[PDB]
Amino acid sequence: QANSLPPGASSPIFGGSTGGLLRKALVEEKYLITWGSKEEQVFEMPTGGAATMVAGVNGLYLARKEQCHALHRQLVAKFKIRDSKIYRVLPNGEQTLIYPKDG
Amino acid sequence: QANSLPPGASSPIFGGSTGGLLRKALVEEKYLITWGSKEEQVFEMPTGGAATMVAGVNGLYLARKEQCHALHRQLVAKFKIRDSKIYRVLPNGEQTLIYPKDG
Amino acid sequence: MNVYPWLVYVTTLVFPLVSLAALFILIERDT
Amino acid sequence: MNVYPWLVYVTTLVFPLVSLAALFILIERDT
Amino acid sequence: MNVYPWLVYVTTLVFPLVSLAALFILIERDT
Amino acid sequence: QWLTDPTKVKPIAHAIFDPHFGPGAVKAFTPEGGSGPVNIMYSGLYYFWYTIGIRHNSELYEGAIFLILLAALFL
Amino acid sequence: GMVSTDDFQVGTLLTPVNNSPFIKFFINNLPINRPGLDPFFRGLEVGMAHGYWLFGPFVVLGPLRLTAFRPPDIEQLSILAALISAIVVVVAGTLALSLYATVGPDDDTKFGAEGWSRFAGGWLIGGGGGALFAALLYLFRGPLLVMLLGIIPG
Amino acid sequence: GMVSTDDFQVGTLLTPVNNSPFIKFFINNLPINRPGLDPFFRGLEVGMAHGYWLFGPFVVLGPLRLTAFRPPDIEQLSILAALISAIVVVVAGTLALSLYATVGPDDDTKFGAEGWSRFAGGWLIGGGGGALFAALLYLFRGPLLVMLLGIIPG
Amino acid sequence: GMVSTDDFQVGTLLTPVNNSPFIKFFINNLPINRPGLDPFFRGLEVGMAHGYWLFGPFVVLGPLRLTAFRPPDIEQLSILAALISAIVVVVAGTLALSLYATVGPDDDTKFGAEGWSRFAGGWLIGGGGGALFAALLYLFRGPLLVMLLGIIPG
Amino acid sequence: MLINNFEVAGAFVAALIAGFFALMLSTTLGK
Amino acid sequence: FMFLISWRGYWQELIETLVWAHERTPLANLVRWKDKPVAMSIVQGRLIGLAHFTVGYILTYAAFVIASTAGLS
Ligand code: CLA
Ligand code: CLA
Ligand code: CLA
Ligand code: CLA
Ligand code: CLA
Ligand code: CLA
Ligand SMILES: CC1=C(/C=C/C(C)=C/C=C/C(C)=C/C=C/C=C(C)/C=C/C=C(C)/C=C/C2=C(C)C(=O)CCC2(C)C)C(C)(C)CCC1=O
Ligand SMILES: CC1=C(/C=C/C(C)=C/C=C/C(C)=C/C=C/C=C(C)/C=C/C=C(C)/C=C/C2=C(C)CCCC2(C)C)C(C)(C)CCC1
Ligand SMILES: CC1=C(/C=C/C(C)=C/C=CC(/C)=C/C=C/C=C(C)/C=C/C=C(C)/C=C/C2=C(C)CCCC2(C)C)C(C)(C)CCC1
Ligand SMILES: CC1=C(/C=C/C(C)=C/C=CC(/C)=C/C=C/C=C(C)/C=C/C=C(C)/C=C/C2=C(C)CCCC2(C)C)C(C)(C)CCC1
Ligand SMILES: CC1=C(/C=C/C(C)=C\C=C\C(C)=C\C=C\C=C(C)\C=C\C=C(C)/C=C/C2=C(C)CCCC2(C)C)C(C)(C)CCC1
Ligand SMILES: CC(C)=CCC/C(C)=C\CC/C(C)=C\CC/C(C)=C/CC1=C(C)C(=O)c2ccccc2C1=O
């Protein structure tokens with residue numbers, strides 16, 4: 001609904017925490033990390049807890065870009081996944097690429 | 001104004017009663033009977049009282065379909081008029097025929 | 001002494017100001 | 001005596017009318 | 001004694017809360 | 001008080017707080033030696049509680065506690 | 001001539017109870033029909049009239065009224081009882097008005113649910129104020145209905 | 001320097017009575033001009049200030065005031081009379097404000113007729129409340145203007 | 001089953017404290033969330049509940065309370081002081097709401113600045129009235145908490 | 001000897017447990 | 001000594017839990033801050049600790065040096 005994924009990305013299985021999005025994600029900005037995994041495996045959330053991601057393309061909305069870039073260094077340092085791309089989602093629905101800005 | 005006849009039908013001479021229309025005719029539905037008389041003749045109202053129909057096509061607005069049907073059967077049983085057409089009138093002004101359906 | 005004082009309060013004090021307010025409505029509202 | 005009469009006022013007079021108002025809200029609002 | 005107690009109530013209790021509300025309006029309203 | 005004389009003093013159901021009573025009804029539903037208006041019990045519960053061996057208001061109180069918690073268990 | 005009907009199919013009779021022009025000026029400038037009023041003010045004025053008269057039957061006819069009671073120490077209890085009685089009747093009317101408002105009104109007023117809730121709020125404040133104002137004038141009707149200046153000295 | 005005009009056809013002068021920035025901060029944040037306020041609350045705050053000070057001249061200067069009358073037996077009559085006097089002056093102001101509203105206002109407020117009726121309503125409740133509040137603090141000025149704790153025992 | 005989230009990214013949990021239907025009925029029909037209500041009536045009902053309970057701690061616990069004080073002549077000063085205390089606490093809450101309103105709110109209510117000023121106004125009148133109504137029932141708790149008819153004669 | 005207010009308060013604590021369980025049962029019967 | 005010993009990031013994380021508690025409390029998330037609650041800054045934590053240390057120092061010694069000398073008799 002208010003946190004809809006782009007088409008092609010499927011949600012990882014997470015049971016919901018209290019450390020996630022707050023009212024800023026509705027009114028100022030939120031962020032989206034989108035990566036590609038070869039299997040289903042278990043990763044620590046940057047906001048607390050653990051989640052399971054599936055094979056294919058996985059997207060996650062976070063309040064904060066350092067939460068996304070901390071998730072990205074976790075995927076590199078544990079699961080060798082380097083195709084995370086980080087978007088800044090505005091509340092009107094605009095999406096801009098902010099990592100990799102080089103490509 | 002709010003209760004306007006179709007063009008071609010003239011109002012019968014009635015001094016208006018208290019058995020007639022209520023707020024439902026403003027807000028939900030009302031019903032309209034049009035008949036053809038050859039002369040000016042005196043008929044009982046279904047809502048109480050007596051009225052006089054003039055020569056020509058007479059239209060009358062009633063709250064229920066049974067009031068219109070009882071008026072039509074009284075016109076058959078006393079004054080031999082069998083071309084009454086009973087319509088259902090919505091509050092927006094859309095008109096549909098409900099008696100006779102067959103023709 | 002036979003007096004109705006509340007009636008003096010009604011029609012000498014309350015009712016004239018009532019009447020001037022009603023006449024103000026009569027002379028200052030269009031249609 | 002050993003009476004809590006404020007409780008009699010609450011649960012025999014106030015709380016029934018409270019309850020009928022709440023049930024009126026239950027039976028008269030669309031969804 | 002030679003005291004104005006109402007003045008103590010104004011300038012030590014009412015007027016500082018007045019002043020903090022006025023500075024709240026000064027520091028929070030945009031333009 | 002009813003165990004000391006079961007044949008004279010009448011069983012009492014509960015006491016009355018109705019603000020509509022005048023003075024005649026306040027003294028009418030008050031017994032002799034009582035400090036206010038009560039209902040005289042006509043259901044035989046004192047005779048029940050005597051025959052099943054309740055002798056104190058504290059046993060009646062623990063019966064009340066046990067039935068409230070047994071109701072709480074059934075809900 | 002006097003019993004006209006203008007819309008003869010609408011079940012109405014335009015009669016001099018209905019169609020006298022001072023009666024139309026009275027009813028159409030009663031607060032609920034008076035043009036240019038927000039529904040809160042209409043509720044406030046309806047409340048003040050109602051809460052002012054509602055004090056009276058409770059203080060003359062209620063359970064504390066008589067000359068055979070205990071001095072006029074009981075009369076303060078009578079005025080207080082009638083005051084609380086009229087405010088709780090206004091509270092019940094407010095509850096009625098806002099149970100009407102909260103369920104979604106469909107009526108000849110152009111009020112919404114929010115407009116009828118404004119009327120309910122004005123009704124409550126006006127009715128409790130009218131009860132309080134009738135209680136204060138009934139604390140004052142001893143000196144009000146005599147020449148109080150005249151029996152006091154100096 | 002101090003007196004400019006900034007539209008010299010318009011018959012006004014821009015003067016340090018007119019155009020000093022704290023005077024504009026004061027006047028522009030008096031409740032009739034303070035931004036973000038519904039007209040009812042503007043009326044409410046205007047009423048509370050006015051009805052609070054309106055109790056005073058009636059209690060100090062009215063027909064029941066002196067030290068040569070009957071004890072402080074007349075003092076409760078003085079407080080009640082001044083209370084009723086300030087509420088009826090607020091009622092006359094309400095009548096004035098709502099006769100202004102109901103005949104259709106044209107003014108530099110963006111109030112409607114409905115907005116001025118909200119102002120009239122808030123004026124009445126705030127004014128009678130300010131009268132009642134000034135009466136209660138006038139009843140309390142004995143213990144308020146002394147150290148009350150200290151003469152009472154225990 | 002009991003702890004779900006719907007939106008797993010938003011930092012919240014759907015829990016029996018949150019998501020059972022009677023708490024959602026209670027909270028969604030507490031006045032600030034009750035549908036079809038103008039903000040003024042919402043603040044009025046919130047004020048009346050609050051100002052009614054706010055009288056209590058000031059009259060039982062305040063500086064004028066004891067049985068070791070001077071008759072129940074100090075009891076009327078206690079009720080009057082507690083009444084003024086609850087009204088000034090409501091005034092401070094009104095100041096809080098209207099300073100929230102006048103700087104321009106961004107919040108999940110769809111009130112404007114004007115809506116929160118309607119809430120502030122309703123809060124003030126309802127709170128002072130709840131204080132006054134709790135004071136009147138506290139004055140009347142003598143005859144309320146006994147059968148008054150019965151000790152009195154005639 | 002009758003029952004004092006502390007044991008009536010204990011009975012009200014027990015009735016609050018019963019009232020909570022009744023309030024849960026009535027709402028899940030309402031589903 | 002609280003501002004002097006305990007420093008910033010504790011209080012910032014604590015205020016983040018308080019921010020979550022306010023935005024998920026019904027009847028109260030409808031009241032919003034205009035300025036975001038953060039912890040006080042590092043220099044501000046030192047300064048508020050110094051100001052309290054200093055105010056307490058001066059009032060403690062002023063109370064002593066007046067009442068011990070006035071209570072000689
Ligand atoms: C369910 C049976 C029941 C019945 C018919 C009564 C009836 C009465 N009680 Mg009692 N009460 C009960 C249970 C009951 N009580 C229990 C279990 C307790 C211990 C917590 C009490 C505690 C109590 C006190 C302290 C007082 C009364 C008093 C009274 C009298 C006035 C009403 C009142 O305000 O009390 C209010 C009662 C409560 C707030 C708690 C009652 C809790 C019960 C169990 C709830 C009943 C739910 C019921 C079973 C569901 C039926 C639904 C049905 C309508 C479809 C009245 C004659 C007053 C009195 O003595 O009169 C002079 C009084 O002061 N009651
Ligand atoms: C209709 C029959 C009737 C009448 C006239 C009364 C009258 C009275 N009862 Mg009563 N009662 C009745 C039936 C009646 N009762 C019934 C059926 C019961 C149930 C068993 C009771 C149980 C009862 C109790 C327990 C008590 C009373 C008491 C009273 C007295 C005061 C109560 C009061 O102030 O109410 C309030 C009145 C109002 C809020 C308004 C009254 C209606 C107004 C005046 C109508 C106005 C219309 C207007 C003229 C026309 C519109 C004008 C417009 C077009 C301009 C009062 C004299 C009390 C008492 O002490 O007795 C002396 C008391 O404690 N009654
Ligand atoms: C004919 C003119 C006249 C007369 C005879 C009076 C007479 C009186 N006035 Mg008054 N007044 C007048 C005109 C007049 N006023 C005008 C033109 C204004 C400006 C609009 C005022 C504004 C005014 C205020 C603000 C007050 C009075 C008060 C009083 C009473 C003080 C004597 C007393 O009992 O000590 C008792 C002293 C007190 C009870 C004061 C206690 C401490 C107070 C409550 C602190 C808060 C006061 C603060 C300034 C108001 C809030 C400001 C707001 C912006 C936050 C007295 C009855 C006081 C009063 O009304 O008592 C209830 C008072 O507070 N007057
Ligand atoms: C202007 C001349 C004047 C003055 C000063 C008075 C004064 C008084 N008369 Mg009086 N009277 C007058 C003319 C006057 N009268 C006339 C022409 C008649 C008709 C024949 C009467 C007939 C009369 C009667 C029958 C009575 C009085 C009484 C009184 C006393 C109390 C009345 C009262 O409270 O009013 C209310 C006052 C107000 C509502 C507010 C007063 C105005 C305020 C203070 C102005 C404030 C402006 C402010 C300072 C500036 C703005 C400040 C802002 C910029 C910050 C009082 C001392 C009564 C009495 O008992 O005598 C002792 C009485 O019964 N008078
Ligand atoms: C928390 C500690 C505490 C407590 C319990 C008290 C308590 C009290 N003080 Mg106090 N005081 C304190 C700290 C405290 N003080 C401090 C730090 C100072 C500064 C040095 C003072 C200085 C002081 C002075 C000068 C005076 C008092 C006085 C009082 C008494 C009355 C004051 C009053 O009514 O307030 C009003 C209370 C309220 C407006 C509301 C109370 C809060 C409510 C009940 C919370 C309810 C929450 C609810 C249960 C949960 C939500 C329910 C919902 C989910 C359904 C009272 C017994 C007065 C006195 O006479 O002493 C006996 C007095 O004059 N105090
Ligand atoms: C870093 C320090 C800091 C600073 C300078 C501020 C400063 C400010 N805050 Mg913030 N805030 C902070 C941290 C801070 N806050 C934290 C850690 C939280 C929790 C996450 C909040 C959450 C918050 C909210 C929701 C709001 C503010 C608001 C404000 C502004 C007004 C202050 C106020 O409401 O009075 C508060 C007063 C107290 C906390 C004292 C409590 C005294 C008790 C309640 C007794 C008072 C009596 C009173 C009458 C209540 C009794 C009635 C009641 C029982 C119903 C102000 C500029 C408001 C705003 O933005 O204005 C538009 C606002 O809505 N703040
Ligand atoms: C905690 C605390 C205190 C206590 C303060 C309190 C708050 C004391 C408690 C006061 C109360 C009011 C307890 C409520 C008892 C209500 C009960 C048992 C209801 C039964 C309803 C029933 C069976 C329903 C049947 C129903 C079913 C199931 C349906 O399905 C639908 C129909 C129907 C609704 C009829 C004290 C101060 C005393 C002590 C200290 C302390 O800590
Ligand atoms: C301009 C200025 C000035 C002046 C000022 C003045 C003029 C003053 C004042 C003042 C005032 C004039 C104040 C006041 C006040 C008030 C108040 C504070 C009130 C109140 C109230 C209340 C609170 C009420 C309530 C209520 C209600 C409403 C309802 C019911 C009833 C009751 C009672 C509860 C000067 C130059 C000096 C300085 C500068 C500025
Ligand atoms: C139809 C008609 C008639 C009748 C009439 C009637 C029925 C009467 C009446 C009357 C009435 C029935 C009146 C009244 C009134 C009132 C008032 C005048 C009120 C008030 C009030 C107030 C002022 C309040 C205030 C307040 C508030 C609001 C808040 C706070 C508190 C207080 C208190 C402050 C006749 C036939 C004869 C003639 C013609 C017309
Ligand atoms: C949640 C809940 C709970 C709780 C509750 C509570 C918390 C309580 C309470 C309570 C309260 C807290 C109540 C209250 C109230 C009130 C009232 C009832 C009020 C009032 C008022 C009035 C009536 C006023 C009026 C007025 C005005 C406004 C104007 C002028 C003045 C006067 C005065 C007239 C429980 C768990 C138990 C159960 C379940 C639910
Ligand atoms: C309270 C009450 C009631 C109710 C009741 C019920 C409903 C119930 C119950 C019940 C009960 C109260 C019970 C009980 C019981 C007990 C028991 C049950 C015991 C014991 C013990 C033992 C020790 C055992 C042992 C053994 C075993 C282990 C097994 C078998 C064998 C032998 C012997 C070895 C009534 C209404 C009547 C009346 C009043 C109040
Ligand atoms: C406009 C205005 C000022 C209104 C008044 C606003 C209102 C209602 C109360 C005034 C604020 C109050 C009372 C507290 C907030 C201060 C706060 C964030 C303290 C936590 C904190 C502590 C305890 C430390 O030790 C510390 C050490 C080193 C660095 C940072 C910190 C730190 O952050």
Side-chain angles (χ1 to χ4, degrees), chain E residues 1-27, chain H residues 22 136-154, chain I residues 54 56-71 73-89 91-93 95-96 99, chain K residues 1-12 14-15 18 35 37-73:
Chain E
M1 294 178 71
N2 282 17
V3 75
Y4 303 159
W6 49 273
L7 195 46
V8 179
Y9 277 105
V10 175
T11 61
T12 75
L13 176 51
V14 179
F15 156 83
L17 297 178
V18 173
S19 296
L20 297 194
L23 305 153
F24 194 65
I25 282 155
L26 286 177
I27 78 176
Chain H
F22 77 108
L136 294 174
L137 280 70
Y138 204 63
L139 284 162
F140 183 76
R141 78 208 199 271
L144 183 63
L145 294 174
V146 309
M147 293 180 167
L148 182 63
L149 295 174
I151 297 89
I152 60 171
Chain I
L54 277 157
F58 286 121
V59 72
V60 168
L61 283 179
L64 295 175
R65 67 185 184 273
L66 277 296
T67 76
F69 287 134
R70 186 273 304 278
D73 174 80
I74 193 66
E75 183 178 1
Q76 303 299 51
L77 294 174
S78 190
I79 301 157
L80 175 46
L83 166 57
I84 292 151
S85 300
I87 301 173
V88 181
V89 161
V91 163
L95 193 53
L99 293 159
Chain K
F1 279 49
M2 181 178 70
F3 305 104
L4 296 181
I5 297 168
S6 79
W7 288 9
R8 200 217 182 221
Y10 183 91
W11 302 104
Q12 184 42 60
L14 197 63
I15 282 165
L18 298 174
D35 292 331
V38 297
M40 300 182 316
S41 71
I42 288 177
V43 175
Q44 173 189 183
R46 312 192 173 140
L47 182 62
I48 300 299
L50 185 48
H52 281 82
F53 193 88
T54 313
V55 172
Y57 204 101
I58 296 168
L59 294 164
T60 298
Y61 196 66
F64 181 44
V65 61
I66 283 153
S68 63
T69 311
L72 294 175
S73 66

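Order of the sequence lines sets the chain letters (A, B, ...), proteins ahead of strands, with each chain counted from 1.
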Throw together a table of side-chain donor-acceptor distances under 3.5 angstrom for residues 63-73 of chain K, partners on residues two or more places apart or in other chains.
from    : atom 1 : to      : atom 2 : distance (Å)
K/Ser68 : OG     : K/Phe64 : O      : 2.6
K/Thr69 : OG1    : K/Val65 : O      : 3.0

Side chains of residues 1-8 of chain K: which donor-acceptor partners sit under 3.5 Å, not counting sequence neighbours?
from   : atom 1 : to      : atom 2 : distance (Å)
K/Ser6 : OG     : K/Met2  : O      : 2.5
K/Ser6 : OG     : K/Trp11 : NE1    : 2.9
K/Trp7 : NE1    : K/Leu4  : O      : 2.8
K/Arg8 : NE     : K/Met40 : O      : 2.8
K/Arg8 : NH2    : K/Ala39 : O      : 2.5

For residues 147-154 of chain H, run the donor-acceptor check on the side chains, cut-off 3.5 Å, and write out each pair with its distance to 0.1 Å, sequence neighbours left out.
none

Check residues 42-61 of chain K and write down every donor-acceptor pair under 3.5 Å in which the side-chain atom is one partner and the other belongs to a residue at least two apart or another chain.
from    : atom 1 : to      : atom 2 : distance (Å)
K/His52 : ND1    : K/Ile48 : O      : 2.7
K/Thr54 : OG1    : K/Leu50 : O      : 2.4
K/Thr60 : OG1    : K/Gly56 : O      : 2.6

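Residues that satisfy the side-chain contact (heavy atoms from CB on, under 4.5 Å) test with I/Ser85, not counting sequence neighbours, are I/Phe58. With sequence neighbours left out, the side-chain contact (heavy atoms from CB on, under 4.5 Å) criterion links I/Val88 to H/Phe133, I/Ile84. Taking I/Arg70 as the reference, I/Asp73 meet the side chain to side chain donor-acceptor pair (under 3.5 Å) condition, with sequence neighbours excluded. The side-chain contact (heavy atoms from CB on, under 4.5 Å) test applied to E/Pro5 returns E/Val3, H/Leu145, not counting sequence neighbours. In this structure I/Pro57 satisfies the side-chain contact (heavy atoms from CB on, under 4.5 Å) test together with I/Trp53, sequence neighbours excluded. For I/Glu75, the side chain to side chain donor-acceptor pair (under 3.5 Å) criterion is met by I/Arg141, not counting sequence neighbours.
A distance of 10.0 Å separates CG in I/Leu83 from CG in H/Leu139, rounded to the nearest 0.5 Å. Considering CD1 of I/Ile79 and CG of I/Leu64, their distance stands at 11.0 Å, rounded to 0.5 Å.
For residues 6-27 of chain E, no residue pair satisfies the side chain to side chain donor-acceptor pair (under 3.5 Å) rule, not counting sequence neighbours.
Using a 4.5 Å cut-off on side-chain heavy atoms (C-beta onward), I/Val60 and I/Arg65 make no contact.
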